[PDB]
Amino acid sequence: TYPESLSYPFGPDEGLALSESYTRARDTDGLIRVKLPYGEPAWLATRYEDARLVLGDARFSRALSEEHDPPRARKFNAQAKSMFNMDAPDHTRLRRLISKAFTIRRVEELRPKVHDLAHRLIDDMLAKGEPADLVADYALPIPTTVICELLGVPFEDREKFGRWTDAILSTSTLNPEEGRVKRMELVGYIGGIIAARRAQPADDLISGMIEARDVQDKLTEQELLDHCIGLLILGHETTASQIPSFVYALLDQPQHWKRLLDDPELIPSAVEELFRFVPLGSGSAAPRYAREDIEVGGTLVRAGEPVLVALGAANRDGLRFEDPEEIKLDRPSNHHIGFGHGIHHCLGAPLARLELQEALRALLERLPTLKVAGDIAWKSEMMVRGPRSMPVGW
């Protein structure tokens, strides 16, 4: 049968809470049903084991999403030529090339630049005097600087492509076309950058990708451009969301902030714990479609149906994490799926971990008395969650 399709997503947008419907879903035997704003209805997987099977078992596909009206919260399905929309062997081809610039070995040399950037930003916040906006004055410039210089997109255009990002991630039903319109404008902008790099190469990933295209014929011109778009958006928006949400969690329960003040060596383990607890997205991971008939948590997923994964819910599955709703900065074997799991495991994860570690490290060192100093504007009707503006003091 088909359980009553529930209104998805659930919410909320404020705080780090997960809708009670997620808890009721994990407790329910089998997979529940959901109806996203656009597209067909699909199953929702919320249990850790069930989530990891849909994410990492080759019997599920991301490529099959183009021959379906995929469940989604945004009207426009760009169908980008990115590795995330493909299966093997195409995914393997793209990921093998682009991953080289994002491994631990590759980004570790960036830690000093990030560290110094954070302290320089903190110098400016101190000089100006409280209050400061922890987003615009800290959380945003850090990841934006890194990705611009890694990718090769001018830092001075961040306002322009920031505005395009906001429209591309909006789920507001009003202006239901700004997304597709503004992504096309972003297509033209990125095309202009790629053209300039092909003309006059530089020491950035775009030039490296051009070379792999023009010389090695390892990817199409379309693949090259869509990866530039995704890397630029994820490169700066994701970390800009997590930094202020992480700090909010540590300040909300100030024992956590104090432990890190006393034991900075715990920062890596703490960052992992917060990646498990702090939700990035407002909904669920992109749909996976079953290539054959298979059983997922008691339910028989029908070959051809979409299964969504509630990563934040599976990260709070009490069957895998003791006291799932508590923050344990020293949680052992903390194999959360905050960065996904399997074939499409987050490629920027080494870079994201580094950025969060250094972002926190600098605040703890310089602003131990940090305190929220006003109303926190949270993101609403966007594909991601977190403080839009965060007034802070010290």
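Start at 1 and count along the sequence shown; that's the residue number.
As the entry records it, the average C-alpha temperature factor is higher for 40-48, out of 40-48 and 349-357.
In this entry, 296-304 shows the higher mean Cα temperature factor of the pair 132-140 and 296-304. Each of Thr145, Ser282, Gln216, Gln242 has a CA temperature factor in the record; the biggest one is found at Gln216. When the C-alpha B-factors of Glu365, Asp27, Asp330, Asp57 are read from the PDB record, the largest value belongs to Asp27. For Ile337, the recorded CA B-factor ranks within the lowest third of the chain. Only modelled residues enter the ranking. Ranked by C-alpha B-factor against the other modelled residues of its chain, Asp204 falls in the lowest third. Placement of the Cα temperature factor of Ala101 within the chain: highest third of the modelled residues, per the deposited record. Placement of the Cα temperature factor of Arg62 within the chain: middle third of the modelled residues, per the deposited record. For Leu319, the recorded CA temperature factor ranks within the middle third of the chain's modelled residues.
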